[PDB]
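Chemist: Below is a structure I'd like to ask you about.
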Amino acid sequence: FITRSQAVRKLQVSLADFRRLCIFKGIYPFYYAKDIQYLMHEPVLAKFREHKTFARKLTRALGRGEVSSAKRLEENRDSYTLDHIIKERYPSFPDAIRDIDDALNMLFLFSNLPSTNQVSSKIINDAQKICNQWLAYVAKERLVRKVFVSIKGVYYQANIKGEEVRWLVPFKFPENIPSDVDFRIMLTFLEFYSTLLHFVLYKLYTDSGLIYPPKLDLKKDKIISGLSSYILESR
Amino acid sequence: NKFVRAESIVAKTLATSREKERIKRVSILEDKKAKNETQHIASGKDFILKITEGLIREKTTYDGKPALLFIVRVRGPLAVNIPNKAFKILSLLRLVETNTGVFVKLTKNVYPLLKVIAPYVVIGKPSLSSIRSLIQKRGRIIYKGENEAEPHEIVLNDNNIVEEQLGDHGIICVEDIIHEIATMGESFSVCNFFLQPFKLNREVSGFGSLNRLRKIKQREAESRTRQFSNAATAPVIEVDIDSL
Amino acid sequence: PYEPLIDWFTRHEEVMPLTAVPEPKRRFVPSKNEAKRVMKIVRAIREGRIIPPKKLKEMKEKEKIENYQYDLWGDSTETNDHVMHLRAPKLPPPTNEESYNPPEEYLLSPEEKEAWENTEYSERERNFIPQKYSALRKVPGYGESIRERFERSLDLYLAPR
Amino acid sequence: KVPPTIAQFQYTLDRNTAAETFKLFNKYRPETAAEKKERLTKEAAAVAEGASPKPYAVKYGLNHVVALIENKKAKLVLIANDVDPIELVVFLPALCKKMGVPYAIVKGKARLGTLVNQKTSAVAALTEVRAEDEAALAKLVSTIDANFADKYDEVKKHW
RNA sequence: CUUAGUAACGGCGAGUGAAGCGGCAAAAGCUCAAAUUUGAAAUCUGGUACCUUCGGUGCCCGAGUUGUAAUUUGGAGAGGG
RNA sequence: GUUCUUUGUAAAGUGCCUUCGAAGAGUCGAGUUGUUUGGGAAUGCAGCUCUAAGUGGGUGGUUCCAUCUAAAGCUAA
């Protein structure tokens, strides 16, 4: 085992970024020595370093007064992808559907959020898009078993490849965001669960169902922006 | 409490000179349009510009039909202090705060007042989803707190709060408020002053690395997607509120 | 030791420039170095080794649309619970009898409503007061919902398994 | 103890004037190496398939400048005080005085570098100017001659 | 090779001891620093992807205006016609 | 020899006419202490003191005349 301090120091990475990688990799506490010792060689850590280089090289351009080169630095920017991070976390598809329990709870909460200076509108619109894709599929292939309306929200149970997932949807009212909660921890969980859901939904649609991603009717999205909108075709 | 530079203090007056003269100019032509003394003015009718998205500028005349608008506060232009005629209209629409929306119906009385505040507001006819998502995402109610405190503005969490405050007008729930807002009815003047204004978050929302550059990109997108006509025959710029 | 520098030479301003050098044609004519570079890129476009700026938009209008749009599992039989060190994150307890319309014996007594509020958080059986509602329209938006997911998120990576 | 022709520097241009200098000067940025390249690729795309005027940008090499002062091409000259060998510029404020070319010691050698795509510059000068800003320049010049040349007539003296 | 054991020096003594010319061997010349590319640092290191790999190319990064390229070195040379 | 490609108002050369036209400083030089020589016009070098010029400067020959251009660099046989 190793202490948090010893893990942070060994990685030569910030605590925030240590915790970001810990969220992505599914690492939990004393940490396991071989777990941190296995985190050290990883593409995501290298891409975090690249983001740090990009950050200063952009503020160099902005701070001087040149705007065109800064705008060009945005064009020549690649970002870290959480693709290979799931293969090593959930190697089988039934294992990923065992995690989607907790994954769909964040994502359906983040749909029912007013956008703040913490969380951009693009983040909430993409999260809501995935939510609507999930709702569309479960209503398409007819996979509901149990419902439960509580004070908290509305619970559902769904035999998704025959393993009974559970997930919670809040009521469609404005939600009072406390200043107490940390919208930097939750954003990385969203960032991991989001990509996880993209790959799950591709696997589900391309196996038994439909084309991915489906289109949405513009004048249907103008009426409801819910579930009667977003038409989806089989072949 | 800071020192004020000379350049700024002359810039404010130099911009309000343009705004006082502009507002008086629009005031004269709109007063002379209503009294049917159209003998020698620029134009005796009302155009509306609808800019959509590669930026097509439409030129359509305003019908007598009552329409539904969602006015959004902007912050513009730069050095301007608001005059008396702007203080009045923006008090009546309760839009003193930046990044703040409100619903109003547009008639032949509403449209002349719209030309005055057009450099301060961005207007447009919203859709059913824009209205419905806006009310279920944002909503304030000014009413009494625990026992003593009055000025609490909380949230549209409940429907029984809707009952206690409206009720007898036929309104029972939040979705019924959405009904009387989307469709122009009897209870619209009742519920419009119940959701007083909306609190829209600002664009980009930061000063830093990524956020300054994104604000630069959007700031140059402003003057392309919005123009200040300044003339007494200013066509009212309508934009897509579904996109905004 | 410190005399003022009496500018015995700069006192009188010069009329003419120092040298009578004839100005070259290139200072008035469009530049030939620019012409050389242009007529080098021209060759590179004929050869096809520089793709023109007009087509570079078309190379990105067709590409980078498809993100996360491939199967990664496929025929995947391998389980990750092979080393005994993978502690599966424990799916949260199924919700037991606290609905919008409960049997009202679950509805808490007025003494325990404040006693529940007296107890410190996280050493508490329910994260909520059980409440009775006649209508489904009368169900409030539950305010302490972001707090619950945030605390679960913290429980995943900070709480020892 | 400083000999008068050294610390003819340190008595630089004031705050309000300085910003207004850059207000002008940032208008005359040289094209960036990225920008220049794309411009020419824009040309190559065009000229491979199917007129321009001379471009004003400020002038920036110490050589180029010392050429330009003494040849009368120069109108305004900006000279940074802190330089690794001070000697590399000490003559320069006098040369300009002698050719009657308006000059101002600016503060921040890096600050010159900003307006010119470089790390530092020691000296930059605006030779030729656009039609609209022609008046803006000649006024700035006068402003500089008042608050710098006339204000510090005793900069050639006093240790 | 010769000049030459000469000139020249040396308590003119032990003595020290050249060079130019002349004849041959071999032969080959050149590069900077110097005044502005200023109508566009036009130059290079590296990293990276390819390619026909003692290298070439694209793309990015830097170095560099306190000067890196082209032109010029007195035999002139440069600007123009 | 055999071919494949050569390009751009590209790179030079020659003659004439016109318009200009910058070349190395703690160095040269001078004083002195040592070193080197067979060196008589301390030659060469070092140390130390001082330290320049541009119709200049360095070196030689009977009052001029000839000769080169230091204080940067490379190079076969």
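In the structure tokens, each chain is lettered A, B, ... as it comes, each chain's residues begin at 1, and ligands are numbered from 1 in order of appearance.
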Enumerate as a short mmCIF file (atom, residue, chain, number, x, y, z; two decimals) with N, CA, C and O atoms, in the first residue's frame the residues belonging to chain D that approach chain C to within 12 Å, with only C-alpha atoms taken into account.
Modeler:
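See selection.cif below for the written result:
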```cif
data_model
loop_
_atom_site.label_atom_id
_atom_site.label_comp_id
_atom_site.auth_asym_id
_atom_site.auth_seq_id
_atom_site.Cartn_x
_atom_site.Cartn_y
_atom_site.Cartn_z
N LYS D 1 26.57 56.91 -9.71
CA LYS D 1 26.56 58.22 -10.43
C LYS D 1 26.53 58.06 -11.96
O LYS D 1 27.41 57.41 -12.53
N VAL D 2 25.54 58.68 -12.60
CA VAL D 2 25.27 58.48 -14.04
C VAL D 2 25.67 59.64 -14.96
O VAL D 2 25.24 60.77 -14.75
N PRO D 3 26.50 59.36 -15.99
CA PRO D 3 26.87 60.36 -17.01
C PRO D 3 25.70 60.67 -17.94
O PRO D 3 25.03 59.74 -18.39
N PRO D 4 25.47 61.96 -18.27
CA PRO D 4 24.19 62.51 -18.73
C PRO D 4 23.53 61.82 -19.92
O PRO D 4 22.30 61.77 -20.01
N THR D 5 24.35 61.29 -20.83
CA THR D 5 23.85 60.59 -22.00
C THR D 5 23.35 59.17 -21.66
O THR D 5 22.62 58.56 -22.44
N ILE D 6 23.78 58.65 -20.51
CA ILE D 6 23.12 57.52 -19.87
C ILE D 6 22.20 58.13 -18.82
O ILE D 6 22.55 59.13 -18.19
N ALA D 7 21.03 57.52 -18.66
CA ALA D 7 19.92 58.10 -17.90
C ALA D 7 19.42 59.40 -18.55
O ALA D 7 18.78 60.23 -17.89
N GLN D 8 19.71 59.57 -19.84
CA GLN D 8 18.85 60.35 -20.71
C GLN D 8 17.63 59.46 -20.94
O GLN D 8 16.56 59.92 -21.32
N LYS D 36 1.31 35.05 -42.52
CA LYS D 36 2.02 35.28 -43.77
C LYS D 36 1.94 34.03 -44.62
O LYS D 36 1.69 34.13 -45.82
N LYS D 37 2.14 32.88 -43.98
CA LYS D 37 2.12 31.61 -44.67
C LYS D 37 0.75 31.31 -45.29
O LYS D 37 0.66 30.95 -46.46
N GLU D 38 -0.32 31.51 -44.50
CA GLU D 38 -1.67 31.24 -44.98
C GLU D 38 -2.10 32.17 -46.11
O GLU D 38 -2.79 31.76 -47.04
N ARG D 39 -1.65 33.42 -46.01
CA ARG D 39 -1.87 34.44 -47.02
C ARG D 39 -1.35 33.96 -48.36
O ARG D 39 -2.01 34.07 -49.38
N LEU D 40 -0.15 33.39 -48.32
CA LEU D 40 0.52 32.96 -49.53
C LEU D 40 -0.07 31.68 -50.06
O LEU D 40 -0.12 31.49 -51.27
N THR D 41 -0.53 30.81 -49.16
CA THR D 41 -1.23 29.60 -49.58
C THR D 41 -2.59 29.97 -50.18
O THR D 41 -3.08 29.28 -51.09
N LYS D 42 -3.18 31.06 -49.68
CA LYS D 42 -4.37 31.64 -50.28
C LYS D 42 -4.09 32.17 -51.67
O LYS D 42 -4.94 32.07 -52.56
N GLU D 43 -2.90 32.74 -51.84
CA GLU D 43 -2.44 33.20 -53.14
C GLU D 43 -2.24 32.02 -54.06
O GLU D 43 -2.81 31.98 -55.14
N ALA D 44 -1.47 31.03 -53.60
CA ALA D 44 -1.18 29.84 -54.38
C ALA D 44 -2.42 29.09 -54.85
O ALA D 44 -2.50 28.69 -56.01
N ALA D 45 -3.40 28.94 -53.96
CA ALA D 45 -4.70 28.37 -54.32
C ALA D 45 -5.32 29.17 -55.46
O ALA D 45 -5.79 28.61 -56.45
N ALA D 46 -5.29 30.50 -55.31
CA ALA D 46 -5.88 31.41 -56.27
C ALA D 46 -5.07 31.49 -57.56
O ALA D 46 -5.62 31.27 -58.65
N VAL D 47 -3.78 31.78 -57.44
CA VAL D 47 -2.90 32.06 -58.59
C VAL D 47 -2.57 30.78 -59.39
O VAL D 47 -2.15 30.86 -60.55
N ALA D 48 -2.79 29.61 -58.78
CA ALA D 48 -2.75 28.34 -59.52
C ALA D 48 -4.02 28.12 -60.35
O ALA D 48 -4.05 27.20 -61.18
N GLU D 49 -5.06 28.95 -60.13
CA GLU D 49 -6.37 28.80 -60.79
C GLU D 49 -6.90 30.04 -61.56
O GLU D 49 -7.46 29.91 -62.66
N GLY D 50 -6.71 31.23 -60.98
CA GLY D 50 -7.16 32.50 -61.57
C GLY D 50 -7.80 33.43 -60.55
O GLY D 50 -7.31 34.53 -60.30
N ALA D 51 -1.94 43.32 -58.29
CA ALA D 51 -3.17 44.01 -57.92
C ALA D 51 -3.08 44.70 -56.55
O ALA D 51 -3.64 45.79 -56.37
N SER D 52 -2.38 44.07 -55.62
CA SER D 52 -2.28 44.51 -54.22
C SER D 52 -1.47 45.81 -54.03
O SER D 52 -0.59 46.11 -54.84
N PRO D 53 -1.79 46.61 -52.97
CA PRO D 53 -0.97 47.76 -52.56
C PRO D 53 0.08 47.45 -51.49
O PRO D 53 -0.08 46.47 -50.74
N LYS D 54 1.13 48.29 -51.40
CA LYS D 54 2.18 48.12 -50.39
C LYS D 54 1.63 48.28 -48.97
O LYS D 54 0.86 49.21 -48.69
N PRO D 55 2.00 47.34 -48.08
CA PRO D 55 1.39 47.21 -46.77
C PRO D 55 2.16 47.90 -45.67
O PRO D 55 3.36 47.65 -45.49
N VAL D 66 18.22 52.45 -37.61
CA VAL D 66 19.36 53.35 -37.72
C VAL D 66 19.59 53.68 -39.19
O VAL D 66 20.12 54.72 -39.51
N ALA D 67 19.16 52.79 -40.09
CA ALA D 67 19.11 53.14 -41.49
C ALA D 67 18.08 54.22 -41.64
O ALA D 67 18.36 55.27 -42.21
N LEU D 68 16.90 53.96 -41.09
CA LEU D 68 15.73 54.78 -41.36
C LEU D 68 15.80 56.16 -40.77
O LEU D 68 15.43 57.13 -41.44
N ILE D 69 16.27 56.28 -39.53
CA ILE D 69 16.67 57.59 -39.04
C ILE D 69 17.94 57.88 -39.80
O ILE D 69 18.81 57.02 -39.88
N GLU D 70 18.09 59.13 -40.22
CA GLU D 70 19.24 59.60 -40.98
C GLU D 70 18.98 59.53 -42.47
O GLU D 70 19.74 60.06 -43.27
N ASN D 71 17.90 58.85 -42.84
CA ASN D 71 17.47 58.80 -44.23
C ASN D 71 16.13 59.53 -44.41
O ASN D 71 15.63 59.64 -45.53
N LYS D 72 15.55 59.94 -43.28
CA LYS D 72 14.29 60.70 -43.13
C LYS D 72 13.01 59.89 -43.35
O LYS D 72 11.91 60.44 -43.31
N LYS D 73 13.15 58.59 -43.55
CA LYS D 73 12.01 57.71 -43.74
C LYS D 73 11.20 57.67 -42.46
O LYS D 73 9.97 57.63 -42.48
N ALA D 74 11.92 57.66 -41.34
CA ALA D 74 11.32 57.61 -40.01
C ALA D 74 10.55 58.87 -39.64
O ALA D 74 10.95 59.98 -40.00
N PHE D 91 23.59 56.09 -28.31
CA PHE D 91 23.74 57.08 -29.36
C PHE D 91 22.39 57.46 -29.96
O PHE D 91 22.22 58.58 -30.47
N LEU D 92 21.44 56.53 -29.90
CA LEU D 92 20.24 56.60 -30.72
C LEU D 92 19.32 57.82 -30.49
O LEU D 92 18.85 58.40 -31.47
N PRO D 93 19.10 58.23 -29.21
CA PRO D 93 18.32 59.44 -28.94
C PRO D 93 18.97 60.74 -29.42
O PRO D 93 18.27 61.71 -29.74
N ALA D 94 20.30 60.77 -29.45
CA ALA D 94 21.03 61.91 -29.97
C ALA D 94 20.98 61.95 -31.50
O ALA D 94 20.75 63.03 -32.06
N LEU D 95 21.20 60.80 -32.15
CA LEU D 95 21.14 60.69 -33.62
C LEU D 95 19.84 61.29 -34.12
O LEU D 95 19.85 62.10 -35.05
N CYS D 96 18.75 60.89 -33.49
CA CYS D 96 17.41 61.34 -33.85
C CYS D 96 17.22 62.84 -33.66
O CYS D 96 16.67 63.52 -34.52
N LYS D 97 17.71 63.34 -32.53
CA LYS D 97 17.70 64.77 -32.24
C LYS D 97 18.40 65.53 -33.37
O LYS D 97 17.94 66.59 -33.78
N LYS D 98 19.48 64.94 -33.87
CA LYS D 98 20.32 65.54 -34.89
C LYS D 98 19.68 65.50 -36.27
O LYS D 98 19.88 66.41 -37.07
N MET D 99 18.92 64.45 -36.55
CA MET D 99 18.19 64.37 -37.82
C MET D 99 16.77 64.91 -37.66
O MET D 99 15.95 64.83 -38.59
N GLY D 100 16.50 65.46 -36.48
CA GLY D 100 15.22 66.10 -36.16
C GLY D 100 14.03 65.16 -36.08
O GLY D 100 12.88 65.62 -35.96
N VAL D 101 14.31 63.86 -36.14
CA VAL D 101 13.29 62.80 -36.11
C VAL D 101 12.72 62.64 -34.69
O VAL D 101 13.49 62.47 -33.73
N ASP D 153 14.29 69.08 -21.66
CA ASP D 153 15.34 69.80 -22.40
C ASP D 153 16.68 69.66 -21.67
O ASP D 153 17.74 69.78 -22.28
N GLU D 154 16.59 69.41 -20.36
CA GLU D 154 17.75 69.23 -19.48
C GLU D 154 18.17 67.75 -19.29
O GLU D 154 18.89 67.42 -18.34
N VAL D 155 17.72 66.89 -20.21
CA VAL D 155 18.06 65.45 -20.20
C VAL D 155 19.49 65.20 -20.72
O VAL D 155 20.10 64.17 -20.42
N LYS D 156 19.99 66.16 -21.51
CA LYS D 156 21.35 66.17 -22.04
C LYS D 156 22.38 66.60 -20.99
O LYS D 156 23.59 66.41 -21.17
N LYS D 157 21.88 67.21 -19.91
CA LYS D 157 22.70 67.65 -18.79
C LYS D 157 22.26 66.91 -17.52
O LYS D 157 21.37 66.06 -17.58
N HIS D 158 22.90 67.26 -16.39
CA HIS D 158 22.62 66.71 -15.05
C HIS D 158 22.90 65.21 -14.91
O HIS D 158 22.32 64.37 -15.61
N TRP D 159 23.80 64.88 -13.97
CA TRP D 159 24.25 63.51 -13.75
C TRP D 159 23.21 62.63 -13.04
O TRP D 159 22.55 63.07 -12.10
#
```
Chemist: Using only C-alpha atoms, what table do you get, as a Markdown table, when you list each residue of chain B with an atom no more than 12 Å from chain D, its nearest pair of atoms, and their distance in Å rounded to one decimal, rows by chain then rising number?
Modeler:
```
| residue | atom | partner | partner_atom | distance |
| --- | --- | --- | --- | --- |
| B:5 | CA | D:16 | CA | 9.7 |
| B:6 | CA | D:16 | CA | 10.1 |
| B:7 | CA | D:16 | CA | 9.8 |
```
Chemist: Store the residues picked out above in a file with N, CA and C atoms, as a tab-separated table (two decimals), in the first residue's frame.
Modeler:
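File produced: again-v1.tsv:
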```
chain	number	residue	atom	x	y	z
B	5	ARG	N	-11.00	58.15	-15.23
B	5	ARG	CA	-10.17	58.74	-16.29
B	5	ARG	C	-10.97	59.74	-17.12
B	6	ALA	N	-10.26	60.67	-17.76
B	6	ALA	CA	-10.87	61.71	-18.58
B	6	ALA	C	-11.51	61.15	-19.84
B	7	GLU	N	-10.82	60.21	-20.48
B	7	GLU	CA	-11.26	59.60	-21.74
B	7	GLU	C	-12.63	58.94	-21.63
```
Chemist: May I have the residues within 9 Å of region 216-218 of chain A as a ChimeraX atom specification, using only C-alpha atoms (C1' of nucleotides) and disregarding those fewer than 2 positions away in the same chain?
Modeler: /A:214,220-223,229-232
Chemist: Please dump the current selection as a compact mmCIF listing (two decimals), in the first residue's frame; keep C-alpha atoms.
Modeler:
```
# COMPACT_ATOMS: atom_id res chain seq x y z
CA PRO A 214 -30.76 8.61 -34.96
CA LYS A 220 -41.03 18.08 -33.34
CA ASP A 221 -38.19 19.36 -31.11
CA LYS A 222 -39.86 22.80 -31.32
CA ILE A 223 -43.11 21.34 -29.88
CA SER A 229 -39.71 14.00 -30.88
CA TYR A 230 -36.43 12.29 -31.99
CA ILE A 231 -37.67 9.77 -34.60
CA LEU A 232 -35.63 6.55 -34.99
```
Chemist: Quick one: pull the distance between CA of residue 84 (chain D) and CA of residue 122 (chain D), Å, one decimal.
Modeler: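 So the answer is 9.6 Å.
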Chemist: Residues of chain D near chain A: apply a cut-off of 8 Å, count only C-alpha atoms, and supply the list as a count of residues only.
Modeler: 4
Chemist: Counting only C-alpha atoms (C1' of nucleotides), a student should be able to say which residues of chain F come within 7 Å of chain C; what is the right answer, written as a list in words?
Modeler: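 The answer, sorted by residue number, is residues 8, 19 and 20 of chain F.
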Chemist: Near residue 91 (chain C), counting only C-alpha atoms (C1' of nucleotides), which residues have an atom at most 8 Å away, once you skip same-chain residues fewer than 2 positions from it, shown as JSON, numbers by chain?
Modeler: {"A": [101, 102], "C": [89, 93]}
Chemist: Could you build a table of the residues in chain E lying no more than 12 Å from chain A, giving for each the nearest pair of atoms and their separation in Å rounded to one decimal place, using only C-alpha atoms (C1' of nucleotides), ordered by chain and ascending residue number, as a Markdown table?
Modeler:
```
| residue | atom | partner | partner_atom | distance |
| --- | --- | --- | --- | --- |
| E:59 | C1' | A:76 | CA | 10.0 |
| E:60 | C1' | A:76 | CA | 8.6 |
| E:61 | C1' | A:57 | CA | 10.8 |
```
